[PDB]
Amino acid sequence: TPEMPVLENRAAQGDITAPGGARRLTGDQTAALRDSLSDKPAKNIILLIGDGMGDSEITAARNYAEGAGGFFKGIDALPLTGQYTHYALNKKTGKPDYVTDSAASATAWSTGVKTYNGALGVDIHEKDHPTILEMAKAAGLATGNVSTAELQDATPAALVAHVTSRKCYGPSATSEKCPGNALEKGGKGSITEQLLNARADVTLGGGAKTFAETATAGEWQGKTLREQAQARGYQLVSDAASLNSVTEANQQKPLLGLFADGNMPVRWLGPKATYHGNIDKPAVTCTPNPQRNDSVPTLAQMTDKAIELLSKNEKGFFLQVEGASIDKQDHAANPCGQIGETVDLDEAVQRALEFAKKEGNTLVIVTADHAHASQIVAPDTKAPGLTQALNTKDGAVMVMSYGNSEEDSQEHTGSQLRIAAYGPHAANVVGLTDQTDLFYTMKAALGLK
């Protein structure tokens, strides 16, 4: 529908050195904005998550790939924008914990309740709360869960599992780490077991490794999680062609793609940032990963296939898409890997917007779970941490800094960050909101109960 606009061009209008040449706007937006506003219900929801993708991450990615005055055709094209809060809680005390982990934040948008770092789908009392995915299914909508990380990862795990600890990937760890959730101890089972019972129509990502584990109890005791899966009607695909083979996906034949043992591979490679690296070493140009593969679907590809299959459902669908590795490359102080995963997410965002523009009843949301370490600093900066100078598209140098940990891993940060939307009920992300509001916004746009 030409009905709801998406920003087609927010790139610098001309010569950046000239008056007005760096403007991104061509004229007054009031009218386009009014036209972007609708309280009609949403038929479908597409939620795209850049893990650790705060404003700095987006800017850095844009500067590198599109140039300072460039524009991300997906990420930057959502018309309605705001800033949201993602603080977690201290388990003991119930008081805010300013810097969340990936499990607590995902639990927030998936269930509408704040929790402690490490928790999945449970509150500070270890009590279960239904996820939006479970809710959609209950209502008859098609449901999809897509990520580039292991499927047991906090991010996608959060829609289908309720455990006291995120580490409880499979039976083995669970019995150790989440006794109360251990299938045998009467619990609901490990993340993977819970994933299997959740039965989303479409689930694609990595983490095949854990499906090799064997059940300690239940109907499928003694057999592998993969066998349990085939035994349950799941359709197991492991590569792009097999995924492409796919013509239908539903409750009779849910789809389960396991494209890697661990996390899917990153798009781009570069060296790790080093002490005084912008000073002592030469500017870097990122290298595409030669081992990413033609047999491995990209996020944009999983995205497109997910949309085709779920769109068959007349009642509608809920779809979560995660660009997982932005966060992990940020933790590794790897500018190139971080940037590449952001550009990768932008493509998927483009696919989503393409569909929603045509479809007309789709709310598309782009945001992150929390902020991260990466900072853009001056070229001749002398920093106490890890730095790297990069060669951008503008043909100039950009320096990135990771100065929040002396440990082998750079930390998340608590800054509020960008949330953006297009479609019905998108006004709900404008201004200041909390991460928990996202849950009530989605539940309400769909009319779930």
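Residue positions are given as counts along the sequence shown, with the first one as 1.
Subject >> Comparing 19 to 27 with 436 to 444, the one whose average Cα B-factor in the PDB entry is higher >> reply: The entry gives the higher C-alpha B-factor average to 19 to 27.
Original post:
Which wins on mean Cα temperature factor, 245 to 253 or 160 to 168?
Top reply: Between 245 to 253 and 160 to 168, it is 245 to 253.
Subject >> Maximum C-alpha temperature factor, selected from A103, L225, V113, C336 >> reply: In the PDB entry, the greatest C-alpha B-factor among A103, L225, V113, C336 is found at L225.
Original post:
Which one of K40, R418, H412, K393 shows the biggest C-alpha B-factor in the PDB entry?
Top reply: Out of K40, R418, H412, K393, the record gives the largest C-alpha B-factor to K40.
**OP:** Compare the C-alpha B factor of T367 with those of the other modelled residues in its chain, then answer lowest, middle or highest third.
**Re:** It falls in the bottom third of the chain.
Subject >> Record-listed C-alpha B factor of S175: chain third >> reply: It falls in the top third of the chain.
Subject >> Where the record places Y84 (Cα B-factor, split into thirds across the chain) >> reply: Within its chain, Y84 is a lowest-third residue by C-alpha B-factor, going by the deposited values.
Subject >> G186, C-alpha B-factor rank within chain (lowest, middle or highest third) >> reply: Highest third of the chain for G186's C-alpha B-factor.
**OP:** Please rank the C-alpha B-factors of the chain's modelled residues and tell me whether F317 sits in the lowest, middle or highest third.
**Re:** Middle third by C-alpha B-factor.
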